[PDB]
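Trainee:
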Amino acid sequence: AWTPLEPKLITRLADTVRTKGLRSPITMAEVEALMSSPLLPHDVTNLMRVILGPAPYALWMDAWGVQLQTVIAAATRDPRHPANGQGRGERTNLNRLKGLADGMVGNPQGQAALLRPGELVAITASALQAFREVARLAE
Amino acid sequence: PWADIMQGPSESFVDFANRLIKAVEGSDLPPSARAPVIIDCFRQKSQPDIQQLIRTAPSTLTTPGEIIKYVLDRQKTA
Amino acid sequence: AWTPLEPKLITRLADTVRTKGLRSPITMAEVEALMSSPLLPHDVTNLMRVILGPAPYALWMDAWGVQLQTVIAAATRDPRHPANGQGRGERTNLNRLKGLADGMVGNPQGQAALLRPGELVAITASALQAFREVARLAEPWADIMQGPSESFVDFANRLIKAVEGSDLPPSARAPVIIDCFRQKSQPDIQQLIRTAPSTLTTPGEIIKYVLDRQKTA
Amino acid sequence: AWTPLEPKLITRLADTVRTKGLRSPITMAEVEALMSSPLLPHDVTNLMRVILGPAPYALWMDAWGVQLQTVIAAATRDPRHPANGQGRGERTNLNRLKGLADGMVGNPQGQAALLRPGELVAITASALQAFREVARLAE
Amino acid sequence: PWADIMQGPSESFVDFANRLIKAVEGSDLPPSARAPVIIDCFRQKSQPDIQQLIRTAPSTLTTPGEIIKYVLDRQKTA
Amino acid sequence: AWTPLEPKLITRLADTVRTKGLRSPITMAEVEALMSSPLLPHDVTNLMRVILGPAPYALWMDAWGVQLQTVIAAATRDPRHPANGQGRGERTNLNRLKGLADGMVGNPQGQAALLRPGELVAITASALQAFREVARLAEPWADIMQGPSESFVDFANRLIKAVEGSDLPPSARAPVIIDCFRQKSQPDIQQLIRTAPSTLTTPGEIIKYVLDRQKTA
Amino acid sequence: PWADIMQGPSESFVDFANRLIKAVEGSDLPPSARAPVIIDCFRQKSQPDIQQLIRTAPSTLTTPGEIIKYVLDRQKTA
Amino acid sequence: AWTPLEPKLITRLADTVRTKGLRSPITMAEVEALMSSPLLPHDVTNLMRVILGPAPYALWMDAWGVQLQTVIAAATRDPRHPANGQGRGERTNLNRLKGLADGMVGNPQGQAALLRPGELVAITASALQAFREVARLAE
Amino acid sequence: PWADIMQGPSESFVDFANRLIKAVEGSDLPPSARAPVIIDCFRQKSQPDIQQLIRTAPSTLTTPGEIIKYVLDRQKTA
Amino acid sequence: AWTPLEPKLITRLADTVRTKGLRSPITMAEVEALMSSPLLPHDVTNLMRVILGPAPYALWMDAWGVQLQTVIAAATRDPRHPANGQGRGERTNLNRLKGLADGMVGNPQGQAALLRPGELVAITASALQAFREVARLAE
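Protein chains in written order, with full-length UniProt numbering: chain U, 249 to 387; chain A, 391 to 468; chain P, 249 to 387, 391 to 468; chain H, 249 to 387; chain X, 391 to 468; chain C, 249 to 387, 391 to 468; chain Y, 391 to 468; chain D, 249 to 387; chain R, 391 to 468; chain Z, 249 to 387.
(1) My assumption, with CB atoms under 8 Å, is that residue 368/D sits in contact with residue 295/D. Please give the rounded CB distance.
(2) I want to know whether the region 396-403 of chain C touches the region 396-403 of chain P - three or more CB-CB distances under 8 Å.
(3) Just reading off the alpha helix (DSSP H) that residue 296/P is part of, what are its end residues?
(4) Taking a contact to mean a Cβ-Cβ separation below 8 Å, would you say residue 332/Z touches residue 322/Z in this structure?
(5) Do we get a CB-CB distance below 8 Å when we pair residue 283/H with the residues of chain P?
(6) Anyone know if the C-beta pair for residue 299/C and residue 261/C falls short of 8 Å?
(7) To the nearest angstrom, how far is the alpha carbon of residue 353/Z from that of residue 251/Z?
(8) When we look at the beta-carbon of residue 456/X and count the other beta-carbons within 10 Å, is it buried (16 or more) or exposed?
(9) In chain order, what are the residue ranges of uninterrupted beta strand (DSSP E) at least 3 long that sit wholly in the region 308-367 of chain C?
(10) Please confirm if residue 464/P has its CB atom under 8 Å from at least one CB of chain A.
(11) Below 8 Å on the Cβ atoms is my guess for residue 447/C versus residue 460/C; work out the distance and round it to an integer in Å.
(12) Excluding the 5 residues flanking residue 349/U on each side, which residues of the same chain have their C-beta closer than 6 Å to its C-beta?
(13) Whole alpha helix (DSSP H) runs in the region 413-456 of chain P with 4 or more residues, listed along the chain?
(14) Against residue 397/Y, what residues of chain R qualify as contacts under a CB-to-CB distance less than 7 Å, listed in chain order?
(15) Taking the alpha helix (DSSP H) that residue 282/C falls in, what are its first and last residues?
(16) Reducing DSSP to helix, strand and coil, say where residue 251/Z ends up.
(17) State buried or exposed for residue 256/P, treating a residue as buried only when at least 16 other CB atoms are found within 10 Å of its CB.
(18) With three or more beta-carbon pairs closer than 8 Å as the criterion, would you say the region 359-368 of chain P touches the region 261-279 of chain P?
(19) In chain R, which residues lie less than 9 Å from residue 446/Y when you measure between Cβ atoms?
(20) What residue from 442/X, 428/X and 458/X has the CA that sits closest to residue 369/X's CA?
(21) Any contact of the region 313-322 of chain U with the region 418-428 of chain A, i.e. 3+ C-beta pairs under 8 Å?
(22) Going by CA-CA distance only, name the one from 417/X, 405/X and 392/X that's closest to residue 388/C.
(23) Which value, in whole angstroms, describes the spacing of the CA atoms of residue 308/U and residue 345/C?
(24) Check each residue of the region 300-311 of chain C: if its Cβ is closer than 9 Å to any Cβ of chain X, include it; give the result in chain order.
(25) Can you say whether residue 347/Z is buried or exposed, counting buried as having 16 or more other CB atoms within 10 angstroms of its CB?
(26) Can you say whether residue 284/Z is buried or exposed, counting buried as having 16 or more other CB atoms within 10 angstroms of its CB?
(27) Taking the CB atoms as reference points, tell me whether residue 379/D and residue 314/D lie closer together than 8 Å.
(28) Enumerate in chain order the residues of its own chain whose CB-to-CB distance from residue 377/H is below 7 Å, with the five nearest sequence positions on each side excluded.
(29) Would you mind telling me which residues of chain R sit closer than 7 Å to residue 383/Z, beta carbon to beta carbon, in chain order?
(30) Nearest-angstrom Cα distance between residue 334/D and residue 340/D?
(31) Buried or exposed, going by whether 16 or more other CB atoms sit within 10 Å of the CB of residue 449/P?
(32) Can you look up residue 466/A in the DSSP assignment and give me helix, strand or coil?
(33) Whole angstroms is fine: what's the gap from residue 329/U's alpha carbon to residue 297/U's?
(34) Using a Cβ cut-off of 9 Å, pull out every chain A residue sitting near residue 426/X, in sequence order please.
(35) Check the C-beta distance from residue 431/X over to residue 410/X and give it rounded, since I have them as a contact under 8 Å.
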């Protein structure tokens with residue numbers, strides 16, 4: 249069952265990003281805090297939509313896609329990925345990682361249903377690395 | 391109004407890009423016409439230093455994110 | 249049977265030569281047009297008498313004679329010339345090429361009678377080459396600079412014109428045009444060409460690149 | 249049998265390009281007019297040599313080559329090209345399109361002899377598109 | 391002092407590179423810290439024309455020799 | 249047994265590079281001289297460390313690595329390389345070429361022990377080509396004019412130097428040198444070359460003619 | 391009148407040659423006397439720069455066309 | 249077996265030519281010194297390439313060709329030339345004197361193999377006379 | 391004295407040649423040394439217009455009479 | 249037997265050349281008068297030495313040599329020259345015409361001994377034509 253993040257925590261994090269900036273160690277610590285439980289693509293996408301401005305959000309979408317593509321290359325380079333399965337029918341496509349696959353587009357409940365925990369942690373680590381890249385790039 | 395947005399003489403580029411993308415996406419344009427308009431507004435607004443910086447791009451930039459990344463890389467630190 | 253060229257076409261060509269000059273590509277195209285069917289020495293001689301002034305006509309007579317002499321040397325160097333025959337009795341003398349042979353002097357009908365089609369096409373090609381020589385002679392690339400206010404397409408036009416209408420071999424024009432684009436073409440475009448992530452190996456490619464990335468002003 | 253274009257029409261078109269420019273709709277209409285019958289590579293090459301200046305002519309040679317290369321890629325992607333034949337012996341090389349093949353270099357009569365009508369119309373459409381590109385680029 | 395070296399307005403790039411590499415290698419830095427410092431000094435010194443020339447490098451330059459070669463290739467002849 | 253190069257020769261070569269530069273033909277001849285016997289990586293590395301400045305030395309290290317990599321690609325493309333052996337156990341790695349392999353780092357004696365003569369000559373040729381590249385890189392013909400007070404032999408020397416040390420094809424240098432003699436070389440010599448009763452078709456002939464008929468002053 | 395034709399100080403040589411050949415061929419001279427007269431008028435008219443240019447001809451010019459070609463080759467571009 | 253001249257002697261001679269000039273008696277003495285043993289066309293050509301500037305080198309190539317042509321005229325005027333042989337098959341062509349013949353172009357070893365000692369001394373004397381002419385002409 | 395003879399700024403060339411040949415032949419030189427001296431005095435005296443006229447001689451003049459003829463042909467009429 | 253020309257006539261002719269010039273018809277008539285009998289090279293040479301200045305004398309020596317060379321070319325083009333003979337042993341060299349041959353240098357008596365009347369008239373006509381050329385050239 250999907251539970252959304254508190255809008256109070258999200259508002260506090262947005263104001264933190266607004267006053268301290270993207271690169272301060274306190275901001276990265278707060279992001280790591282709100283990045284503790286494995287989030288669904290819907291959660292991370294809306295979170296970055298709210299806390300980041302338009303141009304940093306575009307940059308972050310780009311960087312997140314690139315990092316997820318590196319993850320999928322490593323996944324096709326190793327059939328023992330915690331997102332993959334043993335047979336070929338469990339291979340994870342980027343539509344399933346970005347939340348674009350069938351039964352997931354716009355629906356967080358179905359998303360949480362079909363996604364694997366390894367998928368969730370890989371998406372989360374990818375999003376964190378992308379946030380780091382964009383923060384280092386913006387300023 | 392998006393077509394009246396200029397990058398101020400003292401304004402940074404990320405603020406100008408934020409303002410422009412906001413005004414273009416929150417307007418009456420179709421969804422399929424926002425990216426070309428944002429690109430062509432980056433090229434013609436964004437005072438002539440950044441205009442020449444985008445003009446002399448050895449690669450072809452075909453996305454607002456790519457233009458923003460390129461300009462942020464090669465911008466005149468000041 | 250000999251048919252003369254229209255005096256209307258000849259008058260139009262003469263006025264073209266009068267306004268555009270001898271060397272314009274439109275003039276050379278018009279001459280190639282009126283040089284389509286193989287002409288008899290009478291036709292080409294009268295044509296050059298009408299379209300060219302006195303001094304260019306003298307120069308053209310000289311050049312035509314020289315080119316015809318080269319043709320006759322190649323003909324005596326190969327008995328299989330389309331103007332020649334197999335036996336020695338068909339060897340073509342310059343009196344027959346210039347229309348000076350017996351039964352031809354001043355008479356275009358007899359001319360058309362005795363002349364061969366290979367003779368006609370050789371005379372025609374010789375006259376065309378002579379016209380080209382005289383046109384290149386009648387009217391400096393290394394002194395061409397792009398002015399401070401001049402656009403780049405005008406500079407490229409002027410430079411390519413002066414380089415192609417010069418004494419360089421044909422195989423040396425493209426490298427010279429490129430290296431003149433790089434060293435002339437005032438330092439803004441010089442730096443624009445220098446910092447080219449791709450290697451430009453043709454004047455057209457350099458022109459396209461510069462037109463794309465030029466400073467709009 | 250090859251018939252050349254009238255130098256009167258070519259002179260009028262050259263003066264049109266000289267006064268109105270390359271991009272005016274009247275100029276493009278005039279070019280479409282003189283581009284009505286399928287022209288041999290010799291015809292189009294001399295036409296562009298006369299009506300265009302040196303630098304636009306270089307640009308046009310480049311663009312024409314690129315468009316012809318796209319055409320030849322589509323031709324090797326479909327053996328039913330009106331320029332191609334059914335067997336492999338009728339495949340059309342760029343030397344045959346640009347007029348550089350054997351029996352064609354400098355000779356318009358032989359050109360008209362060996363060329364196909366599909367070849368002619370493809371060359372003509374390629375030249376028209378290249379003219380459009382160069383006109384959009386020059387000004 | 392290496393951190394005070396700037397490329398003069400009229401100085402060529404090979405002279406500036408010689409002076410900078412001399413002052414960096416003849417200093418108190420560890421041997422494993424000279425190449426990154428030389429690179430980052432090429433990027434921030436070396437007046438803004440060469441700064442932008444290095445910034446807009448389609449390839450990633452990870453050695454002072456490679457940076458010198460690239461700049462010598464694409465430099466503005468003047 | 250390893251024998252070092254004389255520091256006297258190295259000092260003379262360093263001063264030659266200091267006064268004449270990297271690209272002079274005398275400097276390249278001197279380098280070819282000191283590049284006669286096959287050198288060990290230690291020798292060439294120290295030689296370039298001494299004769300070259302810091303930035304040219306960095307450039308040369310880069311170029312030497314690239315050329316050695318091309319050599320190793322050709323070596324893996326042909327098992328009959330004079331550096332390679334017949335079996336796979338003699339394949340030569342870049343650590344062995346750059347002197348980085350085991351038993352060689354910093355020790356020239358062990359280096360000379362384990363290295364092959366084919367290895368040595370390949371390293372030497374690679375280093376020579378890298379030196380040529382860096383020399384061509386470290387340091391415009393169409394901008395050369397004969398000064399009002401400059402003599403003609405100095406102008407000809409400067410022009411031929413800049414034309415031959417440029418990016419032109421080899422078959423385009425003589426026509427360019429001639430046409431630059433004709434259009435540069437201030438109008439007195441321009442008219443002197445123009446009014447040549449003979450046709451001059453070589454830079455040497457033009458130089459001889461001008462030196463004969465020049466205005467002594 | 392052919393014997394009154396001079397090359398003006400600012401006139402080019404091809405115009406002078408055209409005018410002179412016109413006036414000599416459209417005159418009362420016999421046909422066999424036109425070429426020598428045209429040559430000797432090229433030599434004595436045609437202001438002293440071209441006069442000296444024709445005088446110092448290493449080859450012997452025996453035809454108006456050859457003289458015109460030589461002068462056009464070696465003329466002072468101005 | 250071919251042995252090259254020392255680059256040290258060549259460097260000293262080049263600096264002598266640079267400071268004293270081409271016509272000084274000390275320079276001519278030094279050239280006579282380095283012109284002691286019969287040199288192959290490769291040696292003399294590279295020597296003049298190094299010690300002479302570009303324009304004097306062009307002049308010297310011209311003069312050397314002219315003097316070699318005079319030598320070949322004297323050789324066809326006397327079948328007892330130390331470069332010639334008794335039969336017609338040993339007649340020496342200018343391609344063999346200038347080093348342009350077959351098996352000699354660019355290869356000094358093959359050059360030294362096929363050349364005669366009379367050929368070498370004739371080439372050397374010709375080069376010396378050409379150097380004298382160019383030195384008298386340059387200044 | 392022959393070695394002090396110069397062609398005056400206003401003097402014609404035949405007068406200068408007469409004076410020079412007179413002073414050279416009526417001097418203490420050997421008979422076999424008069425022609426080379428007369429030639430080399432024509433070349434170095436005879437003010438720079440005629441000096442350049444003799445210098446740019448497409449033919450080689452090896453006799454005082456030939457030099458005099460050439461100069462009289464191609465001299466600047468004034 | 250050689251008889252010299254009167255110094256009185258030579259003085260009168262020299263003063264005529266001095267007052268009237270070289271080109272006057274009276275001067276040419278006087279020269280034709282003193283050019284009536286066939287003169288030996290000594291006579292004409294001394295005559296031109298006396299009547300002409302130094303520079304006209306140099307010009308006249310040049311022109312006389314050229315005309316004598318044309319005469320000798322015509323003589324080798326026709327073995328029936330009044331100066332030549334029938335066999336090859338009577339062919340007339342320029343040393344015999346200019347008075348430079350053996351037994352003639354400086355001696356007018358020996359000159360008159362060995363010279364032919366055809367030789368004398370050819371020398372005389374050559375000298376007259378050379379005088380005409382120099383007179384037309386001097387003014």
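Heads up, the beta-carbon is just placed ideally off N, CA and C, and yes, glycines get one too.
Mentor: Considering the structure as presented:
(1) Residue 368/D to residue 295/D, Cβ: 14 Å. No contact.
(2) no
(3) 289-299
(4) no
(5) no
(6) yes
(7) 17 Å
(8) buried
(9) none
(10) yes
(11) 6 Å
(12) 343
(13) 424-434 and 438-445
(14) Residues of chain R passing the Cβ test: none, with the nearest at roughly 15 Å.
(15) 273-282
(16) coil
(17) exposed
(18) no
(19) 443, 446, 447, 448, 460, 463 and 464
(20) No statement about residue 369/X is possible, as the shown extent of chain X runs from 391 to 468 and does not include it.
(21) no
(22) For chain C, the structure lists 387 followed at once by 391, and that leaves residue 388/C out of the model.
(23) 45 Å
(24) 301, 302, 303, 304, 305, 306, 307, 308, 309, 310 and 311
(25) buried
(26) exposed
(27) no
(28) 315
(29) In chain order: nothing, as chain R lies at least about 12 Å away.
(30) 11 Å
(31) exposed
(32) coil
(33) 29 Å
(34) Here the premise fails: no neighbours, minimum Cβ distance about 19 Å.
(35) 6 Å
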